[PDB]
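Notes for the structure review
Given next are the chains, with one letter for each unit.
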Number of protein chains: 2
Amino acid sequence: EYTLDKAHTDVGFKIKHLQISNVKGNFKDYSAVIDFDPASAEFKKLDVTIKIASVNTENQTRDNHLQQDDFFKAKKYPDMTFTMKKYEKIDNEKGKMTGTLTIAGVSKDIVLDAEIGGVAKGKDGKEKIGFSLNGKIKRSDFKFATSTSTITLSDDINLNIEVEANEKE
Amino acid sequence: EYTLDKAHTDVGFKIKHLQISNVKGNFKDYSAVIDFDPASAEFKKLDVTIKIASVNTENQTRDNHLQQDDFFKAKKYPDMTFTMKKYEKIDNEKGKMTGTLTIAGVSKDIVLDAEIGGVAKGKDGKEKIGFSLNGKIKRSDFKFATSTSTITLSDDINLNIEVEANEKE
């Protein structure tokens, strides 16, 4: 005795699922001391200070949230530091850098794989280099973002530091 | 001895996280027999047949994938059926419908909360009704999408069937 109006009927379902994705991000405000010797292709001194307030995960509310107590605590710990302690060459293209990373006041020694993308004298006769530091740190090791379960946010942070640099004067 | 070119340096990180969301969807091609009595506000007969090939989760590749063997198996089991077996009234607005759902050849008796949104005689003197069936089924109960873990895709499917209908002749 009834006939459905398909134009105003909806046979609907709703089902929850999980999706995995990477959060990519950088920092706009940072400083570094770079001492490198092009004769032997080894680093002598690499010191980075990164201004935590300047994260950019390309998402305004996430970057605001990263400042808070359950993450960086930028109020109390404005910046994170890396200090090279030891470089050990493999060849002119690859090496193993070891330094101290300090995130929100806790320090640990890490290794980065250094890869020299290019070493050169420029048009103006002054040196230029291009290299990348890559490595993996554990949030647990720094007791970072303790209250977020490693299920939701992976314990592994992947570090990828691409840098070009020019000779100082 | 080196000074970084901030315009070609990127201090980057990458970290994996999980995100929970609902998949919402309907079916564009379906048929139903609706027998309802406006004097007492109870259903006498409700039979739906739904053409599985016509899913719409508003995502082309997902709807194609739903057809396959690890989900609906639309090739072998083109359609899913609901047959009301018993309606039990609460009042003129609410009732408890019980029928057999068959998904990909496996049948189970389910309950839906029926909610009559509107019962009326139209401008042309003929009856019209608007109602919604809501309920929750478990994928496990139908052995549906067995190979997908309940972690990735929830075992709970939420059924929301809004229908308007008009008197037949």
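- As recorded in the PDB header, X-ray crystallography is the method behind this entry, and the stated resolution is 2.90 Å.

**Observations concerning the relation of the copies chain B and chain A**
- For the pair chain B and chain A, the relating rotation is 180°, the translation along its axis is 0.0 Å, and the fit reaches an RMSD of 0.0 Å. Such a combination of turn and shift is consistent with a two-fold rotation axis. Taking the C-alpha atom as reference, chain B places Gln19 of chain B closest to the rotation axis, 2.6 Å from it.
- Of the residues that chain B buries at the interface, 100% are likewise interface residues in chain A, meaning the two copies contact each other through the same surface.

**Some thoughts on the pattern of salt bridges**
Residues and elements named next belong to chain B.
- A full pass over the atoms with the stated rule returns 14 salt bridges over all chains.
- Salt-bridge contacts for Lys108 lead to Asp141; the nearest nitrogen and oxygen are separated by 4.0 Å. Of this pair, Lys108 sits in strand β8 (residues 106-121) while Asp141 sits in the loop between β9 (127-138) and β10 (153-167), and the two are 33 residues apart along the sequence.
- By relative accessible area, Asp141 is classed as partly exposed at 34%.

**Regarding unusual backbone geometry**
Residues and elements named next belong to chain A.
- Positioned with a positive phi, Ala104 is a non-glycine residue whose angle comes to about 35°.
- Residue position: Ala104 is located in the loop between β7 (94-103) and β8 (106-121).
- Phi at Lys143 is positive, roughly 40°, even though this residue is not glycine.
- Of note, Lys143 is situated in the loop between β9 (127-138) and β10 (153-167).

What counts as what
Residues numbered from 1 in each chain as written, not as in the entry; some residues may be left out. Chains lettered and ligands numbered in written order. Heavy atoms only, no water. Least-squares fit on C-alpha atoms. Contact = heavy atoms within 4.5 Å. Salt bridge = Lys/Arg side-chain N within 4 Å of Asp/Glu carboxyl O. Helix = DSSP H or I, 4+ residues; strand = E, 2+ residues; numbered from the N terminus. Buried < 20%, exposed > 50% of the residue type's maximum accessible area, 1.4 Å probe, protein only.

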